[PDB]
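Peer 1:
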Ligand code: HEM
Ligand code: HEM
Ligand SMILES: [O]
Ligand SMILES: [O]
């Protein structure tokens with residue numbers, strides 16, 4: 001649901017996070033724990049942290065903050081990149097070409113057929129099952145954008 | 001979703017596709033158009049081709065097959081890399097840490113507050129709206145993985 005400009009805005013502020021990932025992560029976890037103490041109960045390794053001051057002093061709360069924001073930064077970058085790639089394809093296939101999801105199923109079946117035909121050795125039952133699932137995820141991704149665009153696929 | 005091995009099987013067969021992307025593209029569209037002749041009617045430049053032999057001689061069809069498989073390969077590779085990060089997070093937060101979606105909402109609130117507090121210049125109302133949508137996409141992705149695992153979240 002984000003424009004390329006909106007994802008640039010998300011990644012722009014994320015650059016500022018990366019300038020001090022530990023400080024940001026410490027501040028996020030302390031905001032979370034102080035506002036919603038029930039969340040701190042989920043962290044058995046932080047049972048010794050009672051006060052804001054103990055939280056601020058904690059070497060491991062700060063290290064965990066880095067772990068959380070490092071993971072979330074990677075996820076946001078990869079989501080921005082996927083969207084910029086998928087959105088125009090979904091746009092053209094909904095609005096210009098008007099390709100039903102059934103037709104995307106036909107081409108998916110055609111891809112599996114050609115890979116089985118050309119690579120029987122390296123495309124056995126397990127690999128064919130993997131590709132079958134991956135192509136269904138792709139179709140589902142397109143189908144979700146078709147519904148956002150109001151196109152009945 | 002795919003297991004880690006299933007994603008690697010997809011990447012491995014896609015390397016074979018890329019080693020002869022022209023031939024794979026041709027064979028995929030020929031299979032689509034022969035199995036499902038209604039699909040050919042979408043392609044102004046091809047809809048006149050009757051036989052596999054004619055389809056194979058069409059430089060236009062060959063060109064298009066390469067465009068299709070290039071686009072799909074990028075989508076598959078990006079999904080594989082993204083799922084490598086999201087799958088294990090969802091798995092640990094469902095089955096080991098038992099983190100409800102409403103606590104990912106709490107930490108999202110904290111992230112948005114901390115960014116606004118530290119970086120007001122890079123976190124105006126529009127950039128805040130973008131980051132709010134982006135963290136909602138992250139939580140919905142985790143929610144969908146939670147539903148797959150049967151974790152109420
Ligand atoms: C932006 C949201 C979040 C991200 C990206 C995130 C990421 C991570 C990562 C990367 C780890 C270490 C690897 C793992 O076990 O999967 C972790 C551990 C953990 N997370 Fe999260 N987390 C998030 C939200 C939460 C919330 C809201 C809670 C609790 C209320 C939580 C509880 C935990 C716990 C208990 C651990 C184990 C920590 C330990 O004992 O070392 N997570 N998290
Ligand atoms: C794996 C599935 C598919 C992929 C990755 C894909 C990719 C593409 C790409 C990259 C283009 C050129 C850029 C664009 O217009 O978006 C395109 C064009 C097109 N696609 Fe698809 N496509 C897929 C499935 C289909 C199917 C199943 C059909 C029809 C049955 C279809 C019909 C078209 C048409 C008619 C065009 C315009 C052709 C032209 O004017 O040159 N696509 N496709
Ligand atoms: O976390
Ligand atoms: O296509």
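Chains as they are written, first to last, in PDB author numbering: chain A, 1 to 153; chain B, 1 to 153.
Don't be surprised by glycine CBs; every beta carbon is placed ideally from N, CA and C.
For the region 4-15 of chain A, enumerate the residues whose C-beta is nearer than 9 Å to any C-beta of chain B, in chain order.
Peer 2: 5, 6, 7, 8, 9, 10, 12, 13, 14, 15
Peer 1: Can you look up residue 107/A in the DSSP assignment and give me helix, strand or coil?
Peer 2: As a first step, residue 107/A must be located in the first chain, where it is residue number 107. Looking at residue 107/A - three-state DSSP - the assignment turns out to be helix.
Peer 1: Within 10 Å of its beta-carbon, does residue 160/B have 16 or more other beta-carbons around it, so buried, or fewer, so exposed?
Peer 2: Absent from the model: residue 160/B. The displayed extent of chain B is 1 to 153, so no value can be given.
Peer 1: Considering just the uninterrupted stretch of the alpha helix (DSSP H) at residue 18/B, what are its terminal residues?
Peer 2: Mapped onto the second chain, residue 18/B falls at position 18. Bounds of the alpha helix (DSSP H) holding residue 18/B are 4-19.
Peer 1: Which residues of the region 73-93 of chain A have a Cβ closer than 7 Å to any Cβ of chain B? Give them in chain order.
Peer 2: Sequence-ordered contacts of the region 73-93 of chain A with chain B read 74, 75, 76, 78, 79, 81, 82, 85, 86, 89 [C-beta pairs closer than 7 Å].
Peer 1: If you draw a straight line from the alpha carbon of residue 2/B to that of residue 53/A, how long is it in whole angstroms?
Peer 2: For this step, residue 2/B is matched to residue 2 along the second chain. For this step, residue 53/A is matched to residue 53 along the first chain. Approximately 44 Å between the Cα atoms of the pair.
Peer 1: So does residue 67/A have its beta carbon nearer than 8 Å to some heavy atom of ligand 3?
Peer 2: Reading the first chain from its first residue, position 67 is the one you call residue 67/A. Correct: residue 67/A has its Cβ closer than 8 Å to ligand 3.
Peer 1: Kindly indicate the opening and closing residues of the alpha helix (DSSP H) around residue 79/B.
Peer 2: Along the second chain, one-based indexing puts residue 79/B at 79. First-last of the alpha helix (DSSP H) with residue 79/B: 59-95.
Peer 1: Where does residue 41/A fall in DSSP's three states?
Peer 2: Locating residue 41/A in the first chain gives position 41, where the first residue counts as 1. Correct three-state label for residue 41/A: coil.
Peer 1: Leaving out five residues before and five after residue 95/A in sequence, what residues of the same chain have Cβ atoms less than 8 Å from its Cβ?
Peer 2: Numbered from 1 along the first chain, position 95 holds the residue referred to as residue 95/A. Cβ contact annotation for residue 95/A (same chain, cutoff 8 Å, sequence separation greater than five): 149, 151, in chain order.
Peer 1: Any beta-carbon of chain B closer than 9 Å to the one on residue 47/A?
Peer 2: Translated into the one-based positions of the first chain, residue 47/A becomes position 47. Output row for residue 47/A: interface = no.
Peer 1: State the DSSP-derived secondary structure class of residue 34/B, mapped to helix, strand or coil.
Peer 2: Reading the second chain from its first residue, position 34 is the one you call residue 34/B. Helix.
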